[PDB]
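Quick note on numbering: the sequence shown equals residues 1 to 81 in the authors' numbering. What follows is a short report on a single structure.
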Amino acid sequence: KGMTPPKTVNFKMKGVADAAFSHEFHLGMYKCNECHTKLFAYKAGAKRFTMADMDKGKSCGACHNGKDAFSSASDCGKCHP
Ligand code: HEC
Ligand code: HEC
Ligand code: HEC
C-alpha cells in the first residue's frame, strides 16, 4: 500500500495469461528512479501500454529490447506465466 513496491504487480488482460512484474527481482539491480516516474507511474494500471508500444521502447520495452534484457518480442511465458 502507499508508496511501498508490491513484491509482484499483475496486469489483467483477455486471451493471454495475465502479465507479472517482480519488484523483488528488479530491485536487485535498479533504484526506484530508474523506472519511476520516467517509465511507470507510482500507481499500477494508471497508464496502459501494449506489446507494440514495448517494441517502440516504452514500458517493459525500455529495457526488454534484446540488448539490455531479453526482448519483449519473444519469451511470452517469462512475463505471462
Ligand atoms: C522498473 C524495473 C521498476 C523499478 C526499479 C521499481 N518499480 Fe515500482 N513499479 C514498476 C512497474 C512496472 C509497476 C507497475 C505499473 C503498472 O502500469 O501497473 C510498478 C508499480 C509500483 C507502485 C504502484 C503499486 C500499486 O499501485 O499497487 C509503487 C508504489 C511502486 N512501484 C514503488 C516503487 C518503489 C518505491 C521502488 C523503489 C524501491 C520501485 N517501485 C522500483 C517498475 C519499477
Ligand atoms: C515482459 C518483458 C513481456 C514479454 C516478454 C511479453 N509481454 Fe505481453 N505484456 C506484458 C505486460 C506487462 C503487459 C501489460 C502492459 C500494460 O500496461 O497493461 C503486456 C500486455 C500484452 C497484451 C495486451 C496488449 C497487446 O499488445 O495486445 C497481450 C495480448 C500480450 N502482452 C501478449 C504477449 C505475447 C503473445 C508475447 C510474446 C510474443 C508477449 N506478450 C511477451 C509484458 C510482456
Ligand atoms: C530496465 C530498467 C527494466 C525494466 C523497465 C523492466 N525490466 Fe525486466 N528485467 C531487466 C533486466 C536487466 C533483467 C535481467 C536480464 C534478463 O534479460 O533477464 C530483467 C528480467 C526480467 C524477468 C526475469 C526475472 C527472472 O526471474 O530471471 C522478467 C520476467 C521481467 N524482467 C519482466 C519485466 C516486465 C513485465 C517489465 C515491464 C512491466 C519489466 N521487466 C521491466 C530490466 C528491466
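The beta-carbon is built from N, C-alpha and C at its ideal position, and this holds for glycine as well.
Ligand 1 heavy atoms versus the CB of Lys43: any closer than 7 Å?
-> yes
Give every residue of the same chain whose Cβ lies closer than 8 Å to the Cβ of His23, excluding the five residues on either side of it in the sequence, and list them in chain order.
-> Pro5, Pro6, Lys7, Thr8, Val9
Where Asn33 sits in the DSSP three-state scheme | helix
Helix, strand or coil: how does DSSP classify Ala52 here?
-> DSSP places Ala52 in the helix class (H, G or I) of the three-state scheme.
Consider the C-beta atom of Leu27 and the heavy atoms of ligand 3; say whether any pair is separated by less than 7 Å.
-> no
Taking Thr37 as the reference, give the member of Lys47, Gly28, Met29 with the closest Cα.
-> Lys47
With distances taken from CA atoms, which of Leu27, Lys56, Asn33, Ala17 is nearest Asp75?
-> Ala17
Pick from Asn33, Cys32, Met29, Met51: whose alpha carbon is nearest that of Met13?
-> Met51
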